[PDB]
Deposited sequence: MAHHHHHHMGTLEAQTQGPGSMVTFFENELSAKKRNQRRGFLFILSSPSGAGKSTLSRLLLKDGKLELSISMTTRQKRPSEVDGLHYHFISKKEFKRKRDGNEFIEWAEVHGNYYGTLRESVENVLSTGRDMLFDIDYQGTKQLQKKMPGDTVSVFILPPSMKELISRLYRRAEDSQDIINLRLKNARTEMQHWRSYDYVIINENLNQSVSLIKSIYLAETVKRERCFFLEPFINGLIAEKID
């Protein structure tokens, strides 16, 4: 009845990604994308063939989403969740116009962002300060997002994100069933 879209969530410091993602995947309406990771020669071949809708190098290995694998899902009306950074977001939005919905999630304050990082004991003060620097770089790209949420309350934020998702499932442009259905109401014999 409708085309699926790629649901793109980004956060400076990307903190609580596993939690917010898990909360949005629980009911099953969103599919997680299975990324190809590092043959190395197939990655370059698929990249040189424009097979990737998104690609990045993380910790010395390549990760990518294949255009074919995403296009299969969206044609069936199933939506896909992406917890990625600005670099991935810009690649998808350029490649999939009309099929992307991007949400940027901001901290209520840097003081609160620092507090959350200082509750991840596996992070030295240096790593904390490096995460703060990357957070400031990411926040500068906020204008590339359809929606921006200030995470003042995680429960409110989950509610808002779910509303964004629900709202986008009934956008006129992606509900291709509307034209024959509405013509059918207009022509129905009474």
- Task: Pop the missing stretches of the deposited sequence into a list, counting residues from 1 and keeping sequence order.
- Result: 1 to 36, 75 to 90, 243
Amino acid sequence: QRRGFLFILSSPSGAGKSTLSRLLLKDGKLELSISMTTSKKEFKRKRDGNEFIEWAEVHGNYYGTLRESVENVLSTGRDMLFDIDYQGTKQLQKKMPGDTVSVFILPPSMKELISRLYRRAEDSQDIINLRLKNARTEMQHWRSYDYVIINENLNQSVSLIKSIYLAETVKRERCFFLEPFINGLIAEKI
From here on, numbers count along this sequence of modelled residues.
- Name the higher of the two by mean Cα B-factor in the PDB entry, 82 to 90 versus 69 to 77. 69 to 77
- Task: Pick between 15 to 23 and 171 to 179: the one whose mean CA B-factor in the entry is higher.
- Result: 15 to 23
- Peak C-alpha temperature factor (PDB record), options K162, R45, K133, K29: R45
- When you compare the CA B-factors of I127, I34, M139, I149 as listed in the entry, which one comes out on top? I34
- Query: Relative to the other modelled residues in the chain, which third contains the C-alpha temperature factor of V158: lowest, middle or highest?
  - Reply: lowest
